[PDB]
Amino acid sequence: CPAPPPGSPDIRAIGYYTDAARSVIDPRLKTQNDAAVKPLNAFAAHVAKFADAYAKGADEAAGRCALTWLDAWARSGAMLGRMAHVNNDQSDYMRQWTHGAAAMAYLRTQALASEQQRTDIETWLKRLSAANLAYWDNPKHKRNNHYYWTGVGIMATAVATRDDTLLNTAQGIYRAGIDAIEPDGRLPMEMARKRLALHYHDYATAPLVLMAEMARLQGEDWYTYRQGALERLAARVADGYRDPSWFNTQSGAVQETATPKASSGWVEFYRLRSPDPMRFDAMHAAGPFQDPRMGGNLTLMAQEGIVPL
């Protein structure tokens, strides 16, 4: 168990896209963004590592290691300060993604927390939840995938705290995504990303499924809501990787060749829930998948459960 990095209240992230469709990256700005947010990404990467090692069994130390990192940032009031904007709201997005990754690690290692630790972390996770959720009160922020990733931290905090109010708002974020699916299967805000249209349909499917799976922790079958819709979106994503023909036309760009990776590991869960599961064998074969912002190892979590008992 290493030592936790500093939990600054303040974030200064850097947007790195150059075109309106937010699909062409500036390399100079991505390297600058990577360095600016190295401690946020490092915090998520370790605290998920500690959870994966915990879920391997016979390693209560790793679980208690993450709870030390999470408790340290809790008392630092980390990420609750200034979200510095330079050329966009990339800092806000990092708070959304880092909160999620944090809330997942606490959801997964919760059982080993002391009472000083449960109080510190949960109070922090709810005080983050309020912050990230207040961001989306401004109607000028389109509620695209970014909105649905905010639900990862809200949902995990809700289930971890057993807060029925946070459960509903979290359900509202998921349902808002499911409602955004169009009859042809498209999410029009993800479809407007051109050469990354498939990629962002994939990236949009990840928090929706993961939210639905944590709802299973409380016996709720969220795939019931607007049943069949998420299948349509999930199907196009699986179709797009074999043949990007549809995505090419509906986006007006030639999709960017790419193998499924990391966040696209939502398919490890959804294939257990779909009516037509063998359709996702090709994506499943690209595994295993691991993503700190969704809790860690999605392939194992789909087999052993999000929360190891």
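Residue numbers run from 1 along the displayed sequence.
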Check the entry's C-alpha temperature factors for 290-298 and 15-23, then say which stretch has the higher mean. 15-23
Regarding 109-117 and 211-219, which shows the higher C-alpha temperature factor on average in the entry? 109-117
Candidate residues 48, 272, 282, 62, the one whose C-alpha B factor the record puts highest: 62
Highest Cα B-factor in the PDB entry belongs to which of 54, 246, 241, 266? 54
Residue 149 - Cα temperature factor, lowest/middle/highest third of chain: highest
Residue 226: CA temperature factor from the record, placed by chain third, in the middle
Quick check for you: using the entry's CA B-factors within this chain, is residue 277 in the lowest, middle or highest third? highest
Can you tell me which third, lowest, middle or highest, the CA B-factor of residue 85 falls into for its chain? highest
Quick check on the deposited entry: does the C-alpha B-factor of residue 98 sit in the lowest, middle or highest third of its chain? lowest
